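K.L.:
Can you keep this structure in mind? I'll have questions shortly.
Because the Cβ atoms are built from the backbone with ideal geometry, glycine has one as well, and the counts that use them run over all protein chains shown. Read-outs: derived from the displayed coordinates by stated rules, not from any lab.
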Amino acid sequence: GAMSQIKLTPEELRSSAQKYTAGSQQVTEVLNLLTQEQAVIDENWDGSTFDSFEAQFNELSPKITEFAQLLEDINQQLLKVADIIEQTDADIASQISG
Amino acid sequence: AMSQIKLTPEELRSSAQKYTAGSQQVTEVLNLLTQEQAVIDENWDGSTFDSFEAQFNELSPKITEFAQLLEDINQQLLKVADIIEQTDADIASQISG
């Protein structure tokens with residue numbers, strides 16, 4: 001099971017996790033910023049010139065939100081797994097006598 | 001249809017900069033974490049992480065498309081700013097001359 005299958009240490013799992021949460025946050029910020037820019041362009045440039053970019057942005061936008069959410073979910077899984085593994089090491093050290 | 005475009009060339013260019021910067025940032029995150037997904041895959045035997053792998057893989061091409069869209073918007077904003085800037089110059093010269 002996992003104790004056999006996982007080769008990353010708790011520390012390695014935590015270092016990987018940090019990359020995912022930082023990327024989640026960065027993606028969210030980009031999307032939030034450019035959502036505002038899209039609205040500014042829409043309001044301050046009358047007509048249909050950017051209608052196709054508007055539709056494409058709006059179609060992709062929820063995928064970007066999902067991606068940010070996925071990256072954060074992965075951070076949480078890796079942190080939780082790291083804690084379970086670290087406690088396993090401690091429990092073997094305390095409970096096993098060999 | 002009004003002809004008026006309320007954003008000035010300078011304003012259009014400031015917005016374009018945000019699109020291309022955002023594009024780069026999204027691509028960097030996808031690059032870094034594509035590589036980290038392969039680390040996890042190689043260092044976690046079996047199928048336990050398979051769903052997170054599938055979820056990442058399904059979204060990845062959309063992320064690449066998004067980053068390209070952002071670059072495309074940048075490019076067209078710069079093009080429109082240049083058209084407007086010439087027009088502004090031609091009107092200013094016409095009125096002053």
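K.L.:
Of the residues that sit in the range B:31-53 and are within 8 Å of chain A (Cβ to nearest Cβ) and of a type in the set (A, V, I, L, M, F, W, C), which one is surrounded by the most Cβ atoms within 10 Å (Cβ to Cβ)?
P.N.:
By that ranking, first place goes to B:33.
K.L.:
Conditions: (1) facing chain A (nearest Cβ under 7 Å); (2) farther than 30 Å from residue A:4 by Cβ; (3) among the hydrophobic types (A, V, I, L, M, F, W, C). Residue B:56 meets all but one. Number of the miss?
P.N.:
(2)
Residue-wise test of (1) in a helix (DSSP H, G or I); (2) touching a strand residue (DSSP E or B) at 6+ places or on another chain (Cβ under 8 Å); (3) on the phi > 0 side of the Ramachandran plot.
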residue: B:7; (1), (2), (3): no, yes, no
residue: B:23; (1), (2), (3): yes, no, no
residue: B:27; (1), (2), (3): yes, no, no
residue: B:33; (1), (2), (3): yes, no, no
residue: B:36; (1), (2), (3): yes, no, no
residue: B:47; (1), (2), (3): no, no, no
residue: B:56; (1), (2), (3): yes, no, no
residue: B:64; (1), (2), (3): yes, no, no
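K.L.:
Quick one: would you say residue B:71 is within 12 Å of the chain's Cα centre (by Cα), charged (D, E, K, R) and within 7 Å of chain A (Cβ to nearest Cβ)? Break it down into steps so the answer makes sense when it comes.
P.N.:
Numbers: within 12 Å of the chain's Cα centre (by Cα): yes; charged (D, E, K, R): yes; within 7 Å of chain A (Cβ to nearest Cβ): no.
It is false that residue B:71 is within 12 Å of the chain's Cα centre (by Cα), charged (D, E, K, R) and within 7 Å of chain A (Cβ to nearest Cβ).
K.L.:
For the range A:1-39, how many residues meet the condition of being closer than 30 Å to residue B:14 by Cβ and either touching a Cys at 6+ places or on another chain (Cβ under 7 Å) or aliphatic (A, V, I, L, M) (or both)?
P.N.:
7
K.L.:
Tally the residues that are of a type outside the set (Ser, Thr, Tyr), without any contact (Cβ under 8 Å) to a residue 40 or more places away in the chain and surrounded by 12 or more Cβ atoms within 10 Å (Cβ to Cβ), restricting the search to the range B:54-68.
P.N.:
Residues of the range B:54-68 of a type outside the set (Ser, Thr, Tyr): B:54-59, B:61-63, B:65-68.
Checking which are without any contact (Cβ under 8 Å) to a residue 40 or more places away in the chain leaves us with B:54-59, B:61-63, B:65.
Pick out the ones that are also surrounded by 12 or more Cβ atoms within 10 Å (Cβ to Cβ) and you get B:55-56, B:58-59, B:62-63, B:65.
The qualifying residues number 7.
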